[PDB]
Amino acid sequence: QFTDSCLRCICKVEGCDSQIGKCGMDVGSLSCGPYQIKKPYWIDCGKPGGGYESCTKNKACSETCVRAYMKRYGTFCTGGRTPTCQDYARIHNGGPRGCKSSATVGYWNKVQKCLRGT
């Protein structure tokens, strides 16, 4: 299962409480809030909340979205194998195929340093 420890370390790498109420475009598309959720991710997690900006600026609604996204795409990305936090963090960063993409390994390494207290 996608755990609170996994979620917390994804939050930390994305900016977490410092991004409550905030959106930005510096990553290359619009990303909002403590988990830096983009609009297609909010569509894919089931459009929780009052709207994209309303949900993803808010920590609790963002966590509803992330949890739904991991439940929906985790075993999709792994092809049926039980997912781990490595898979969940890599699909947060890279999309539903992210757990297989070399481009998300660096992101997992940052999450894993949080899980190790580095």
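A residue's number is simply how far along the shown sequence it sits, counting from 1.
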inquiry  = Quick check: 96 to 104 versus 20 to 28, which has the larger average CA B-factor in the record?
reply    = 20 to 28
inquiry  = Looking at the C-alpha B-factor values in the deposited entry, which of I91, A60, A68, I43 comes out highest?
reply    = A60
task = Could you tell me which third, lowest, middle or highest, the C-alpha B-factor of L7 occupies within its chain?
result = lowest
task = Divide the modelled residues of the chain into thirds by Cα B-factor and specify which third, lowest, middle or highest, holds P83.
result = lowest
key: Chain thirds of CA B-factor: placement of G50   = highest
